[PDB]
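Enquirer: Before the rest arrives, take these chains from my complex:
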Amino acid sequence: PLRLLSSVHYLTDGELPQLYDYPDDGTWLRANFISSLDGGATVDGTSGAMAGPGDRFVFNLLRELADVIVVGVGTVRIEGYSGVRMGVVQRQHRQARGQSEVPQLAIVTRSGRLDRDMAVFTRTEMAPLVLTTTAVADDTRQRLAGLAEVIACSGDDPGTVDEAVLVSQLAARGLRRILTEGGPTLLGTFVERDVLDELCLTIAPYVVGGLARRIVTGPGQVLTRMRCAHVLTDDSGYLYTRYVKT
């Protein structure tokens, strides 16, 4: 019943993008996260200490493939999100696939309370979207004039964000290939609301002990079955996994 996995194929920068290609059409919400063996998502507030050159390479690839990168306001404040940076060949590849040179960033906030000089607004080639509620969309739009496109993502309830509506709002703007990088509250809502199509997860070969949070937080509790699409590795013992619903 059990099979040993081992390295069978060295990947070229030609086949690697193929492994992480989005579907032909339709919207697709992919998450990319890293965590330790004992399930911790941070080493001192951030993920980076666990990320080596392999994970950086995968991380930048997934950004290169995406139409839009969706992130919660907390992770934007804490990981210090600036704009999305794309190098020359990355821009070239994107153009080859019919995409803009650099993917958009979309910042999720229920409150709408964002400030004008954040790096997402300042250190950026392309103005970001702000995904918020019907209730606060107009005021938010007014405060962030010239800095960001503000989009109401409410469903039945004008005072909350409906995550399926959020996804539809991106799709309607031609941004159907979606990548989210967190943080844990937002991922938690995508999981709880069952709109996550795929999770790419880097399993870093460390144990970090009990303090760290998981890659998801919140009161949500589900049991969503995924299919293992692939597992990659490198020389340092990292596992780069891709799982797809259902």
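Expert: Nice, thanks for sending it over. Numbering: from 1, shown residues only, chains lettered A, B, ... in the order given.

Enquirer: List the residues that contact residue A:220.
Expert: A:188, A:189, A:191, A:192 (CB atoms under 8 Å, 6 or more residues apart in numbering). The C-beta positions use only the backbone N, C-alpha and C, and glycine is treated the same way.

Enquirer: Check whether residue A:131 sits in a helix, strand or coil.
Expert: strand (DSSP: H, G, I helix; E, B strand; the rest coil).

Enquirer: circling back to that earlier point, now rank the contacts of residue A:220 by neighbours and give me the top one.
Expert: Using other CB atoms under 10 Å as the neighbour test, the contacts of residue A:220 are led by residue A:189, with 22 neighbours.

Enquirer: Relative to residue A:185, how far out is residue A:103?
Expert: 22 Å (CB to CB, to the nearest Å).

Enquirer: These two - which one has more neighbours?
Expert: For residue A:103 and residue A:185, the more surrounded residue by other CB under 10 Å is residue A:103, and the numbers stand at 23 against 17.

Enquirer: still on that earlier bit, for the contacts of residue A:220, work out which two are farthest apart.
Expert: For the contacts of residue A:220, the farthest-apart pair by CB to CB is A:189 and A:191; their separation is 7.2 Å.

Enquirer: so residue A:218 makes contact with residue A:189?
Expert: Yes: between residue A:218 and residue A:189 a contact is recorded at 6.9 Å, counting by CB atoms under 8 Å.

Enquirer: follow-up on the earlier one: between the contacts of residue A:220, which is nearest residue A:152?
Expert: Nearest to residue A:152 among these: residue A:189, at 16.7 Å, using CB to CB.

Enquirer: can I assume the closest one sits in a helix?
Expert: Yes: assigned with three-state DSSP, residue A:189 falls within a helix.

Enquirer: measure it to residue A:110 for me?
Expert: Using CB to CB, residue A:189 is found at 10 Å from residue A:110.

Enquirer: Now do the shared contacts for those two.
Expert: Contacts common to residue A:189 and residue A:110, judged by CB under 8 Å, 6+ apart, are residue A:161.

Enquirer: and the residue nearest in space to the middle of chain A, what element?
Expert: Nearest residue to the geometric centre of chain A (CA atoms, centre = their mean): residue A:180, 1.7 Å. Remark: residue A:180 resides in strand A:177-182, with elements defined by DSSP states H and E.

Enquirer: which strands and helices sit next to that strand?
Expert: strand A:28-35, helix A:53-65, strand A:68-72, helix A:184-192 (3 or more CB pairs under 8 Å, 6 or more residues apart in numbering; DSSP states H and E).

Enquirer: And the next helix or strand past the last one?
Expert: Downstream of helix A:184-192, the first helix or strand assigned by DSSP H and E is strand A:198-203.

Enquirer: Next, the angle from that next one to helix A:184-192.
Expert: With axes from the mean of the first three to the mean of the last three CA atoms, to 10 degrees as the basis, strand A:198-203 and helix A:184-192 are set at 130 degrees to each other.

Enquirer: Sheet-wise, list the partners of strand A:198-203 with their directions.
Expert: strand A:28-35 (parallel), strand A:239-245 (antiparallel) (DSSP bridges).

Enquirer: From residue A:243, how far out is the residue of chain A positioned farthest from its centre?
Expert: Here chain A reaches farthest from its C-alpha mean at residue A:1, the gap being 34.7 Å by CA atoms, centre = their mean. Separation of residue A:1 from residue A:243 (CB to CB): 20 Å.

Enquirer: now the sequence for chain B, which goes on the structure above:
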Amino acid sequence: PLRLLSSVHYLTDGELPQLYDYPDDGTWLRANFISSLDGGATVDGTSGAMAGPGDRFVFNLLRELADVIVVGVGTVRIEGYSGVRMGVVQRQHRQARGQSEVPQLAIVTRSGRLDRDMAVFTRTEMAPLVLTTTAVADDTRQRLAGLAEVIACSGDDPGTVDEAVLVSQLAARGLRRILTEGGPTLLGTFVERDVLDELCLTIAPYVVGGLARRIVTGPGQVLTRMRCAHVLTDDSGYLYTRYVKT
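Expert: So that you can see how it sits with the rest, here is chain B on the chains above:
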């Protein structure tokens, strides 16, 4: 830099034990845990909902290989630990390796506050060890007379358990091949105190959302590097991993 993993070898019940063999001599502390993709260790207080036939098989194998199974009093109370059960061929294999027919159970408690009719005491072929502090060892020994061997595992401080001493106390009794199954507080102390030699981790193909705890809890924070020894899989997309310090 990246390599695709895939199934290269179907394992027989002859080679599987070889993959998880303990070292020739010296003490070795192995942990076995299961968790979801998003790092959750429980689905409603227990692990079992995530465990399929493959994980049950690995779980029973690791118990078959161990000299002693070490568990915290919390997990004993909550997962409803009875005795360790071994089937006929398992008993045979154990005898072949020079081991007793059924491995001992050792229950860790700083307080020493255990009751006489727990299933570890009642539904058991072999009396368990209770690993506690110098401070409470004598009274605990008196309360549990006839039910358990009580062992003081204090180092410098008679009011605490020193986890390296705990390990030495098992070794001194010929129980050098140690398996721990938790719970999260105990694993947290083994990690924090750096006495964990190996982690076998079943990665279950589910996301569970933000509520669940990790396989480790506590205030501990470390960054302990492990080496990936192997990754197995089955038809259902589970990954059975084995990582070794350092």
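
Enquirer: Revisit the contacts of residue A:220 given that chain B is now included?
Expert: A:188, A:189, A:191, A:192, B:209, B:210, B:211 (CB atoms under 8 Å, 6 or more residues apart in numbering or on different chains).

Enquirer: Enumerate every residue touching the first one.
Expert: Just to be clear, that refers to residue A:188. A:216, A:217, A:218, A:220, B:209, B:210.

Enquirer: So the closest residue to it other than its chain neighbours, which state does it fall into?
Expert: Distances taken as CB to CB, 6 or more residues apart in numbering or on different chains place residue A:218 nearest to residue A:188, at 3.5 Å, with adjacent residues excluded. With three-state DSSP as the basis, residue A:218 sits in coil.

Enquirer: Residue A:218 against residue B:210, yeah?
Expert: Yes: contact criterion CB under 8 Å: residue A:218 and residue B:210 qualify, at 3.4 Å.

Enquirer: joint contacts of the two?
Expert: Residues touching both residue A:218 and residue B:210 by CB under 8 Å, 6+ apart: A:184, A:185, A:188, A:192.

Enquirer: picking up where we left off before, burial count for the residue nearest to residue A:188?
Expert: 17 (other CB atoms under 10 Å in any protein chain shown).

Enquirer: now do residue A:19
Expert: That count, for residue A:19 with other CB under 10 Å as the rule, works out to 17.

Enquirer: Over to it: give its phi and psi.
Expert: Backbone torsions of residue A:19, given as degrees, to the nearest 10, read phi -60, psi -30.

Enquirer: does it really touch residue A:242, like I thought?
Expert: Yes: taking CB under 8 Å as the definition, residue A:19 is a contact partner of residue A:242 at 7.2 Å.

Enquirer: hey, what's in contact with both of those two?
Expert: residue A:230.

Enquirer: Residue A:6: what's its closest spatial neighbour, skipping adjacent residues?
Expert: residue B:8 (4.9 Å).

Enquirer: Which strands and helices lie in contact with the one helix or strand the one you found maps to?
Expert: Residue B:8 is located in strand B:3-10, with elements delineated by DSSP H and E. Under the contact criterion of 3 or more CB pairs under 8 Å, 6 or more residues apart in numbering or on different chains; DSSP states H and E, strand B:3-10 touches strand A:3-10, strand A:224-233.

Enquirer: Out of those strands, which is closest to residue B:81?
Expert: strand A:224-233 (28.2 Å).

Enquirer: quick revisit: partners of the strand holding residue A:180 in the sheet?
Expert: In its sheet, and by DSSP bridges, strand A:177-182 pairs with strand A:28-35 (parallel), strand A:68-72 (parallel).

Enquirer: Would you format those strands as CSV with distance to residue B:123 and mean neighbour count included?
Expert: Listed next are the strands paired with strand A:177-182 as CSV, based on distance: least, CB to CB, whole Å; neighbours: other CB atoms under 10 Å in any protein chain shown:
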stretch, distance to residue B:123, mean neighbour count
strand A:28-35, 37, 24
strand A:68-72, 48, 23
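
Enquirer: what's the closest of the ones you listed to residue B:156?
Expert: That would be strand A:28-35 among these, by CB to CB, at 34.7 Å.

Enquirer: quick one, the closest one and helix A:53-65 angle?
Expert: Using the same axes, to 10 degrees: strand A:28-35 against helix A:53-65 is 160 degrees.

Enquirer: What residue in chain A comes nearest to chain B?
Expert: residue A:39 (3.0 Å; CB to the nearest CB).
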